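Q: File entry.csv below, CSV, C-alpha atoms:
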```csv
chain,number,residue,atom,x,y,z
J,320,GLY,CA,99.0,94.3,78.1
J,321,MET,CA,100.8,97.0,76.3
J,322,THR,CA,99.1,99.9,78.1
J,323,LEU,CA,100.2,99.1,81.6
J,324,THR,CA,102.1,101.4,83.8
J,325,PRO,CA,104.3,98.7,85.2
J,326,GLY,CA,103.4,99.5,88.8
J,327,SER,CA,99.7,99.5,88.1
J,328,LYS,CA,96.9,97.1,89.1
J,329,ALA,CA,96.2,96.0,85.5
J,330,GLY,CA,92.6,96.9,84.7
J,331,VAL,CA,91.8,99.6,87.2
J,332,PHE,CA,92.7,103.3,87.0
J,333,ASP,CA,92.4,104.6,90.6
J,334,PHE,CA,93.3,108.2,91.4
J,335,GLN,CA,94.8,107.2,94.7
J,336,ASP,CA,97.8,105.2,93.4
J,337,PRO,CA,100.6,107.7,92.6
J,338,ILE,CA,101.8,105.6,89.7
J,339,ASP,CA,98.5,105.6,87.8
J,340,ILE,CA,98.1,109.4,88.1
J,341,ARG,CA,101.9,109.8,87.5
J,342,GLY,CA,102.5,111.4,90.9
J,343,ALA,CA,99.9,114.0,90.3
J,344,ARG,CA,98.5,116.0,93.1
J,345,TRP,CA,95.2,117.8,93.8
J,346,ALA,CA,92.8,117.7,90.9
J,347,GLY,CA,93.9,119.5,87.7
J,348,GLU,CA,97.0,117.4,87.9
J,349,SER,CA,95.2,114.2,88.8
J,350,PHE,CA,92.2,114.2,86.5
J,351,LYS,CA,94.4,115.2,83.6
J,352,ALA,CA,96.2,112.0,84.3
J,353,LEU,CA,93.1,110.2,83.4
J,354,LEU,CA,93.0,112.0,80.0
J,355,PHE,CA,96.3,110.4,79.4
J,356,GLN,CA,95.0,107.0,80.1
J,357,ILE,CA,91.9,107.3,77.9
J,358,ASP,CA,94.3,108.3,75.1
J,359,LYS,CA,96.7,105.5,75.7
J,360,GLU,CA,94.0,102.9,75.0
J,361,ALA,CA,92.3,104.8,72.2
J,362,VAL,CA,95.7,104.6,70.5
J,363,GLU,CA,96.1,100.9,71.4
J,364,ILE,CA,92.8,100.0,69.6
J,365,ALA,CA,94.3,101.4,66.4
J,366,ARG,CA,97.0,98.7,66.7
J,367,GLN,CA,94.7,95.7,67.2
J,368,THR,CA,91.8,96.7,64.9
J,369,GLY,CA,94.1,98.0,62.2
M,302,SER,CA,124.2,115.0,103.5
M,303,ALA,CA,122.4,113.5,100.5
M,304,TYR,CA,119.3,114.1,98.4
M,305,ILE,CA,116.6,111.5,97.7
M,306,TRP,CA,113.5,112.8,95.8
M,307,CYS,CA,110.4,111.2,97.5
M,308,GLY,CA,106.9,112.2,96.6
M,309,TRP,CA,104.1,113.0,99.1
M,310,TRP,CA,102.8,109.4,98.9
M,311,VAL,CA,105.8,108.3,100.9
M,312,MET,CA,105.1,111.3,103.2
M,313,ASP,CA,101.4,110.3,103.3
M,314,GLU,CA,102.5,106.9,104.5
M,315,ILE,CA,105.0,108.4,107.0
M,316,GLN,CA,102.4,110.8,108.4
M,317,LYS,CA,100.0,107.8,108.7
M,318,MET,CA,102.6,105.6,110.3
M,319,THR,CA,103.7,107.9,113.2
M,320,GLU,CA,100.1,109.2,113.8
M,321,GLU,CA,98.8,105.6,114.2
M,322,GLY,CA,101.5,104.6,116.6
M,323,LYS,CA,104.0,102.8,114.4
M,324,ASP,CA,107.7,102.6,114.9
M,325,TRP,CA,109.6,103.8,111.9
M,326,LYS,CA,109.2,106.3,109.1
```
I'd like the structure from this file rewritten - as structure tokens, please.

A:
Amino acid sequence: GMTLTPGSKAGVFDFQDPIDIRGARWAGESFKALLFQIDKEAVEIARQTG
Amino acid sequence: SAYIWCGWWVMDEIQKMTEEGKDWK
């Protein structure tokens, strides 16, 4: 839904797809691109739940 | 010449094409 990254797989965040991790490389780049995902939904709950 | 910014994921594909016996990269 609203939290897709348009080139994503819609429901899986996998560190091997460069679009999900935003082109990140090695670890400190890649893992931190999860911490952006886990925000992006925690924000989106605030829309639906109100 | 020109300049196209490509990440290493294209170069991961390209170094996987030519090292597995493919034809273009």

Q: As a ChimeraX atom specification, could you give me every residue of chain M near chain J (at most 12 Å apart, counting all atoms listed in the file)?

A: /M:307-311,313

Q: At what distance in Å, to one decimal, does CA of residue 327 in chain J lie from CA of residue 368 in chain J?

A: 24.7 Å

Q: Choose the residue, out of J:348, J:357, J:366, J:320, that has the smallest atom-to-atom separation from residue 332 in chain J; count all atoms listed in the file.

A: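 Looking at the shortest contact to residue 332 in chain J, the residue is J:357.
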
Q: Just how far from CA of residue 324 in chain M is CA of residue 303 in chain M, in Å to one decimal?

A: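 These two atoms are separated by 23.3 Å.
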
Q: Which residue gives the smallest distance to residue 322 in chain J among J:351, J:360, J:346, J:340, with only C-alpha atoms counted?

A: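 Ranked by minimum distance to residue 322 in chain J, first place goes to J:360.
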
Q: CA of residue 341 in chain J and CA of residue 325 in chain J, how far apart in Å?

A: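 These atoms are spaced 11.6 Å apart.
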
Q: Because the input lacks atoms here, generate N, CA and C atoms for range 332-359 of chain J and report them as an mmCIF file, in the frame of the given file.

A:
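After the write, part21.cif holds the following:
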```cif
data_model
loop_
_atom_site.group_PDB
_atom_site.id
_atom_site.type_symbol
_atom_site.label_atom_id
_atom_site.label_comp_id
_atom_site.auth_asym_id
_atom_site.auth_seq_id
_atom_site.Cartn_x
_atom_site.Cartn_y
_atom_site.Cartn_z
ATOM 1 N N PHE J 332 92.086 101.980 86.912
ATOM 2 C CA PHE J 332 92.700 103.300 87.000
ATOM 3 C C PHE J 332 92.135 103.935 88.250
ATOM 4 N N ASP J 333 92.889 104.020 89.338
ATOM 5 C CA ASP J 333 92.400 104.600 90.600
ATOM 6 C C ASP J 333 93.225 105.805 90.944
ATOM 7 N N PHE J 334 92.564 106.917 91.238
ATOM 8 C CA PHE J 334 93.300 108.200 91.400
ATOM 9 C C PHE J 334 94.131 108.200 92.648
ATOM 10 N N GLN J 335 94.058 107.193 93.498
ATOM 11 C CA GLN J 335 94.800 107.200 94.700
ATOM 12 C C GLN J 335 96.165 106.543 94.635
ATOM 13 N N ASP J 336 96.450 105.840 93.542
ATOM 14 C CA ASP J 336 97.800 105.200 93.400
ATOM 15 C C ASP J 336 98.669 106.173 92.628
ATOM 16 N N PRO J 337 99.788 106.584 93.214
ATOM 17 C CA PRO J 337 100.600 107.700 92.600
ATOM 18 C C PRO J 337 101.156 107.281 91.261
ATOM 19 N N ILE J 338 101.218 105.992 90.950
ATOM 20 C CA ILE J 338 101.800 105.600 89.700
ATOM 21 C C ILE J 338 100.785 105.669 88.551
ATOM 22 N N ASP J 339 99.494 105.496 88.841
ATOM 23 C CA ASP J 339 98.500 105.600 87.800
ATOM 24 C C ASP J 339 98.277 107.076 87.406
ATOM 25 N N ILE J 340 98.311 107.992 88.368
ATOM 26 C CA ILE J 340 98.100 109.400 88.100
ATOM 27 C C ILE J 340 99.440 110.099 87.859
ATOM 28 N N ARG J 341 100.519 109.325 87.815
ATOM 29 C CA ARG J 341 101.900 109.800 87.500
ATOM 30 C C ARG J 341 102.402 110.748 88.576
ATOM 31 N N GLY J 342 102.058 110.504 89.828
ATOM 32 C CA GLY J 342 102.500 111.400 90.900
ATOM 33 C C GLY J 342 101.725 112.655 91.016
ATOM 34 N N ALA J 343 100.640 112.798 90.270
ATOM 35 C CA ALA J 343 99.900 114.000 90.300
ATOM 36 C C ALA J 343 99.253 114.295 91.605
ATOM 37 N N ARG J 344 98.898 115.553 91.817
ATOM 38 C CA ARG J 344 98.500 116.000 93.100
ATOM 39 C C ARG J 344 97.401 117.092 92.925
ATOM 40 N N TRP J 345 96.531 117.182 93.909
ATOM 41 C CA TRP J 345 95.200 117.800 93.800
ATOM 42 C C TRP J 345 94.485 117.296 92.562
ATOM 43 N N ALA J 346 93.790 118.171 91.855
ATOM 44 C CA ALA J 346 92.800 117.700 90.900
ATOM 45 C C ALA J 346 93.338 117.949 89.437
ATOM 46 N N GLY J 347 93.493 119.199 89.033
ATOM 47 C CA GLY J 347 93.900 119.500 87.700
ATOM 48 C C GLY J 347 95.143 118.730 87.277
ATOM 49 N N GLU J 348 95.964 118.336 88.241
ATOM 50 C CA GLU J 348 97.000 117.400 87.900
ATOM 51 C C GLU J 348 96.467 115.959 87.834
ATOM 52 N N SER J 349 95.579 115.562 88.744
ATOM 53 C CA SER J 349 95.200 114.200 88.800
ATOM 54 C C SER J 349 94.215 113.772 87.719
ATOM 55 N N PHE J 350 93.162 114.553 87.523
ATOM 56 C CA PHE J 350 92.200 114.200 86.500
ATOM 57 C C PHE J 350 92.856 114.217 85.116
ATOM 58 N N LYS J 351 93.684 115.217 84.817
ATOM 59 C CA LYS J 351 94.400 115.200 83.600
ATOM 60 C C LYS J 351 95.229 113.933 83.380
ATOM 61 N N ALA J 352 95.549 113.229 84.459
ATOM 62 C CA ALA J 352 96.200 112.000 84.300
ATOM 63 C C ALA J 352 95.280 110.821 84.002
ATOM 64 N N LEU J 353 93.975 111.073 84.005
ATOM 65 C CA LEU J 353 93.100 110.200 83.400
ATOM 66 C C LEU J 353 93.060 110.382 81.853
ATOM 67 N N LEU J 354 93.029 111.650 81.442
ATOM 68 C CA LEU J 354 93.000 112.000 80.000
ATOM 69 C C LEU J 354 94.191 111.465 79.282
ATOM 70 N N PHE J 355 95.255 111.130 79.994
ATOM 71 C CA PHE J 355 96.300 110.400 79.400
ATOM 72 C C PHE J 355 96.057 108.927 79.280
ATOM 73 N N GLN J 356 95.321 108.374 80.237
ATOM 74 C CA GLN J 356 95.000 107.000 80.100
ATOM 75 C C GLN J 356 94.014 106.727 78.995
ATOM 76 N N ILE J 357 92.948 107.522 78.928
ATOM 77 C CA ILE J 357 91.900 107.300 77.900
ATOM 78 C C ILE J 357 92.458 107.561 76.521
ATOM 79 N N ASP J 358 93.554 108.304 76.384
ATOM 80 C CA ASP J 358 94.300 108.300 75.100
ATOM 81 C C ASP J 358 94.965 106.977 74.902
ATOM 82 N N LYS J 359 95.718 106.534 75.908
ATOM 83 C CA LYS J 359 96.700 105.500 75.700
ATOM 84 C C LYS J 359 96.001 104.208 75.187
#
```
